[PDB]
Every structure is written in structure tokens, then in C-alpha cells.
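J.: Experimental coordinates for this protein are included below, preceded by the sequence.
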Amino acid sequence: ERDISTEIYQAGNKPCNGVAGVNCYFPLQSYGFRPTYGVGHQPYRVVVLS
Amino acid sequence: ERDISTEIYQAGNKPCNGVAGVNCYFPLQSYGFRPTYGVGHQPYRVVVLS
Amino acid sequence: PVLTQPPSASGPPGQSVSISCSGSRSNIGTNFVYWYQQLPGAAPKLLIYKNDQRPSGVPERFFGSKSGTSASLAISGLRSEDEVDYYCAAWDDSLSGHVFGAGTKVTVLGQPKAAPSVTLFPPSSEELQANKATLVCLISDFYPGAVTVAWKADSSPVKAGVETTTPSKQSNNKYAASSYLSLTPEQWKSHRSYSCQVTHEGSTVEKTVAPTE
Amino acid sequence: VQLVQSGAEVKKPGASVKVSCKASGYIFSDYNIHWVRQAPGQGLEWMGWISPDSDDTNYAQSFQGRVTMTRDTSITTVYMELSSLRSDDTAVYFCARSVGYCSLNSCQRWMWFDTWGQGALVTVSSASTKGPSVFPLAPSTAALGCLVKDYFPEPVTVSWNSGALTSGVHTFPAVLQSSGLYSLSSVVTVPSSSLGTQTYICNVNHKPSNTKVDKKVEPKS
Amino acid sequence: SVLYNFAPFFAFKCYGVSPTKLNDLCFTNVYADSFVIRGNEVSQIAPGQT
Ligand SMILES: *[C@@H]1O[C@H](CO)[C@@H](O)[C@H](O)[C@H]1NC(C)=O
């Protein structure tokens, strides 16, 4: 089941409806792909067949 | 007909004779015989008569 | 048989470093390879088993893998725990037992240079009344370790029965070398004086003392 | 769980040294043990395994008769004797337990030494077993040292003024001697204004010989 | 036969039918979906893993 969403997740009881406080965080974290990164910190094009 | 052999089984276009890990696999596999398991994984000593 | 490993691999903190471990055809390539680390003055523990997995209590930053007849281990984040050494344990058929690598030393990318302080100690009169004379001169608080002690009887470098040890890491990350050379007391008393000129990086400190001080 | 082992001391070459490892907590009828040594200046080396529930014993391809391995199931201890010790065997011997169980030669791919135990350093050399001898020393803040010689075996404990003097005390690592004995020094950093006004005492203790000798160090004029 | 010439792989563990006998059993629906993940994440893309 795929899922797409952009609303801010709240980790506590603070109602965040457009802001990101101390317990409200953005739920979409991006990578960083540099050649400086080692072997186990590089993107692998994982494809799966079902 | 018994068969004792430890040669690597290849499952790809590239030939394997001493290399394993990506598409070539070691043919033997060990049972994880524990008394923690239930009824379907206990080691049954089977003797046959012909 | 044995495996080839780099004697020293280093990396600055904030990024990752890689440690290689090659093998023969029937050392890694048919058998699993395991990674062991050990603290200085302690017992080793288990980090990677079955070439990918980790036991409970190990952080997720330690990752290793293999492709062909060689394996690599990559560690990310070097603050206080990656200064220990690592070993590449495997199994083969030639020695019919577990075989280990030579040893990889991991460091980080710094201390100021310390000038050597050599103090040549002549034998005391309490040694002379007991008919003994051990000429001793010790160098302490020096960095990095490049000392070389020369036994000079004021006209020639003479070496006989030299007992020289290695510098050791103290609690201040420094070094303190030592060197002894025992002599017959009349041979020591026949000398006009004595000197221990140690060459540490080129800053040779002359220390000549009289037998009667 | 804990896997404490009992070490030994220095001894003459060619005799037999017995090292023992004790197990507790877990059931000592399901896990193999492995015996690996660690010498300074080099890495780990593997010797062989036994089993607690059977009389299986396996050896390395280089140690076929130099080592024989012994099992004590009732005491829940395991023993090793080493026969005809060479010179290059001064190492730290480790009692290592691996999960699972293997007796066959081809079984050893899946074993890893999980629960290690603390090792002990055993040694080979040649010297007599007797107490230390303290050698007086004259100074060159004025630095003066205390010399102790021909102590056998390691270690020794150094104290100044029977523990009343601790500031400036700095011992030195043991050197190697060609005669088989060991040597050590203890140099203190004291002010030059109290070199002769306040006079210190050098003390050393050696618990294997059960002897204590004291002196009275004095700088020469 | 146009599968194994797409660079040397990293993980090809399979949880069912063999990849070489796929020609001998004829299917009706096969799914294809793909993404990119870090090298520390290839391990837990598996049936029943956290
Ligand atoms: C993928 O496409 C590029 C684009 O031309 C091509 O050069 C490359 O050979 C293709 N990959 C394979 C495995 O054929």
C-alpha cells in the first residue's frame, strides 16, 4: 500500500495545523547522496517484482 | 542414491566455481534445531527399512 | 590461509571510512566472514554476523558487505568508539579452522610537539660503596616518539649490553622512554664524564654530568 | 554470562603450563568452546575446540602434538595444557564460547565466538624467582629517581614515604634484559629547594616473593 | 535472459519460486514497482522484517 501525505505529524498533544513546533515535525525527510559518503550510505535502485 | 558435494550451484549467466553471494549459493543448509520450537520443527530421527 | 589487511586506515569525523579485507578462493567466497573489534585491554565482541546482520545492542551505523572474494566494512561517525582495532574473522579448508587477519588500526585526524627532557643520572656514592655502577638516563614528556639514545664516553659511541624499551602511552597521551646500560664500577670511574645526547626530531639536548656532580 | 579463567606466571621453556576456564549460568552441555591466543605485536590465532557433552577434540594444522585439551564436565571447568613451550608464545589466551554446536569439520561456517571471556598473559623467559633489589641513584625543580633491579616476576608496586608521598611520583615501564631478569625505575619531580631539606623514602613491594625492603635515598654533594 | 546484464547486483535473495525456473511456469499477472533507498536499508526490504 503506497501512501502520499504532506500534513505535519504531531508527536505529542500540541495541535499543529500549519506549524512545526518542538513536537511537530515534517514527515518527509530527504537523503543526501555525495561521493564522500561511504559504501553503506549510497543509493541502491531497489526494484522488487511481485 | 546419496550425494555428498559442496560445489557451488550457479543460478545466473556468469559462471561460479569458487565465488558466491550475488547469484551463486552454497548448497547445504543447517537446521536451527531448538527446543523452543513447537511441533513442526523438531528433529525427528527417521530410520527406513527396504 | 591468512588475509591481507591495511595496517592503518584513518578518517576525519563527520563522514565514513572503509576497511577492506581480501581473501583467497576458498577462504571468503564459499564461507561467511565475521567482523570483530576489541577494546584496548579488554575482550572482543561481535559486530557483524552472516555478513549483513547485527546483534542487539549495536548501533545501525556499522555496516559491511561482500561482493566477490573480498569484503568491506564501513563505519560512520568517529568520536570515541572507532579508535579500537578491527579483525576480519573467517573460515577456510586449508588450515581446517578459523583464520584471522593481521589487524587494522583505526585513528582520527592532534597534539602539540613536546620538547624532550633528558636527565642523565650519575650513580650515587651508595652505589660506589656497594661496588656497582648502573649508568641511567631517561627521556620523558616528548611527542611524537622519535627518540634515539646514544651511549657516548665523551669520545666515541660505545654500545655494550644495551637494554632499551619502547615508549608507552600515559594518561596525558604522551610518551616516556627508558634505557639502561650496566657497567663495572671501575670502568665507570675511569671515565672523565658521561653524556646522553638523545635525538628527538633534531632537538638534541646535551646533558653532561660529572661522576662527582 | 561471565566466563572467568585462571592464568599463570613466567616459567622455563619446555615444561607444561595448565590454564583453566570456568563456566556458569548457562547449561554447559549445549555450547562448544574455542581457544584462541593473542600475542602483543600480532593478531588473533586459533587453536582448537572441544565439546562439554562429548569427547570430541580438534586441533589446528600447526599444533598437532604441542597442545592436548582436557574436559571436566562434573566441575564445569575446561583445562588446557601446553607442552614444549617455545619462545614466541608469550600471549593472552582467551576462553571463547560460540553459540550453536558443531563436531563435524564442515559445520564450522556458522559459528562465531559470541560470549568472550577475559584473558590472562602467560610468559616464557629465563630467570630465578627471588625478590627485588633496589639500586641507589643520585640527581643530575631537581629530579631524582629510584632504581629497582633483578625482580622476578612481574609486577611490583612502588610507594614513596610508605604512601605519604604521592605528588610527582612517576614509575617507568619494564625494560627487557638479556640476563632474564627485569628492571624498573621510579623518578619523582620534586622542587630543588627541598632536595636535601626534606628527604624522601623509596619503597617497593613484590607479592610473589613476599619480601619488603626499604632504603633512605640521599643526594650527593 | 535480458535480466542478468544490468550491472553486478548486491542482494538477490528470493522467497519463493526459483529465478531460473521462471520460464517453465507461465503466469497471468506480475507486478513491477521500484524506488531508491540507502545501502543501510536494503536488508529490511524482506517478508516480515522491521
Ligand atoms: C540503459 O540505457 C542507456 C541509455 O542509452 C544505455 O546506454 C544503457 O546501455 C542501458 N542499460 C543497459 C543495461 O542496457
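T.: That came in fine, so what should we check first? Residues are numbered from 1 along each chain as shown, chains lettered A, B, ... in the order given.

J.: so how far is residue D:91 from residue D:70?
T.: Taking Cβ to Cβ, to the nearest Å as the measure, residue D:70 falls 19 Å from residue D:91. No exception for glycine: its C-beta is placed from N, CA and C like everyone else's.

J.: Tell me which of these two has more neighbours.
T.: For residue D:70 and residue D:91, the more surrounded residue by other Cβ atoms under 10 Å in any protein chain shown is residue D:91, and the numbers stand at 20 against 13.

J.: Please look at the more buried one and residue D:37 and confirm they touch.
T.: Yes: contact criterion Cβ atoms under 8 Å: residue D:91 and residue D:37 qualify, at 4.1 Å.

J.: can you pull out the helices in chain E?
T.: Counting by DSSP state H, one finds no helices in chain E.

J.: swap in chain C?
T.: Ranges of helices in chain C, per DSSP H, are C:125-129, C:185-190.

J.: tell me the most buried of those?
T.: helix C:125-129 (a mean of 16; mean count of other Cβ atoms under 10 Å in any protein chain shown).

J.: which helices and strands sit right next to it?
T.: Secondary-structure packing of helix C:125-129 (3 or more Cβ pairs under 8 Å, 6 or more residues apart in numbering or on different chains; DSSP states H and E): helix C:185-190.

J.: Just want the residue of chain A that's nearest chain D.
T.: As assessed by Cβ to the nearest Cβ, chain D sits closest to residue A:40 within chain A, at 20.4 Å.

J.: thinking again about what came up before, now distance to residue A:27 too, for the helices of chain C, in a markdown table please.
T.: Listed next are the helices of chain C as a markdown table, based on distance: least, Cβ to Cβ, whole Å:
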| stretch | distance to residue A:27 |
| --- | --- |
| helix C:125-129 | 79 |
| helix C:185-190 | 81 |
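
J.: Residue C:194 contacts residue C:120, correct?
T.: Yes: checked against Cβ under 8 Å, the pair residue C:194 and residue C:120 is within contact range at 6.6 Å.

J.: shared neighbours of the two, anything?
T.: C:208, C:209 (Cβ atoms under 8 Å, 6 or more residues apart in numbering or on different chains).

J.: gap between residue C:1 and residue D:106?
T.: Taken as Cβ to Cβ, the span from residue C:1 to residue D:106 is 18 Å.

J.: again with residue D:146
T.: 60 Å.

J.: Which one of the two is surrounded by more residues?
T.: Shown here are residue D:146 and residue D:106; by other Cβ under 10 Å, residue D:146 has more neighbours (24 against 11).

J.: Could you find the closest non-adjacent residue to the more buried one?
T.: residue D:202 (3.7 Å; Cβ to Cβ, 6 or more residues apart in numbering or on different chains).

J.: what about the one residue in chain C that gets nearest to chain B, how many residues close to it?
T.: Per Cβ to the nearest Cβ, residue C:25 is where chain C lies closest to chain B, at 3.9 Å. Using other Cβ under 10 Å, residue C:25 has 12 neighbouring residues.

J.: try the one 10 residues further on
T.: The number of residues packed near residue C:35 is 23, by other Cβ under 10 Å.

J.: how much space between residue C:100 and residue D:43?
T.: 5 Å.

J.: hey, what's in contact with both of those two?
T.: What both residue C:100 and residue D:43 touch, as defined by Cβ under 8 Å, 6+ apart, is the set residue C:87.

J.: roughly how far apart are the nearest residue to residue A:40 once chain neighbours are set aside and residue C:72?
T.: Closest residue to residue A:40 apart from its sequence neighbours, by Cβ to Cβ, 6+ apart: residue C:63 at 3.4 Å. Distance, residue C:63 to residue C:72, using Cβ to Cβ: 10 Å.

J.: more neighbours, the two?
T.: The neighbour comparison of residue C:63 against residue C:72 (other Cβ under 10 Å) goes to residue C:63, with 23 against 17.

J.: Tell me the bridge partners for that one.
T.: Assessed by DSSP bridges, residue C:63 has beta-bridge partners residue C:74.

J.: How about chain D: which residue is closest to chain A?
T.: Counting by Cβ to the nearest Cβ, chain D gets nearest chain A through residue D:112, at 20.4 Å.

J.: From what I see, that residue and residue D:97 are in contact.
T.: No: here residue D:112 lies out of contact with residue D:97, judged by Cβ under 8 Å, at a distance of 10.5 Å.

J.: and residue C:22, what are its bridge partners?
T.: Note on residue C:22: beta-bridge partners by DSSP bridges are residue C:70.

J.: what's near enough to touch the residue nearest to residue A:40?
T.: Residue C:63 is in contact with A:39, A:40, C:73, C:74, C:75, C:76, E:39, E:40, counting by Cβ under 8 Å, 6+ apart.

J.: So which of these is surrounded by the most neighbours?
T.: Ranking these using other Cβ under 10 Å puts residue C:73 first, with 25 neighbours.

J.: And that residue, how far from residue C:1?
T.: Where residue C:1 is concerned, residue C:73 sits at a distance of 21 Å (Cβ to Cβ).

J.: Name the residues of stretch C:65-73 that are buried.
T.: For stretch C:65-73, burial by neighbour count (16 or more other Cβ atoms under 10 Å in any protein chain shown) applies to C:65, C:66, C:69, C:70, C:71, C:72, C:73.

J.: Give me the residues contacting that stretch.
T.: Outside stretch C:65-73, the residues that touch it by Cβ under 8 Å, 6+ apart are A:39-40, B:18-19, B:21-22, C:18-25, C:27-29, C:33, C:35, C:48, C:51-52, C:62-64, C:86, C:88, E:8, E:10, E:39.
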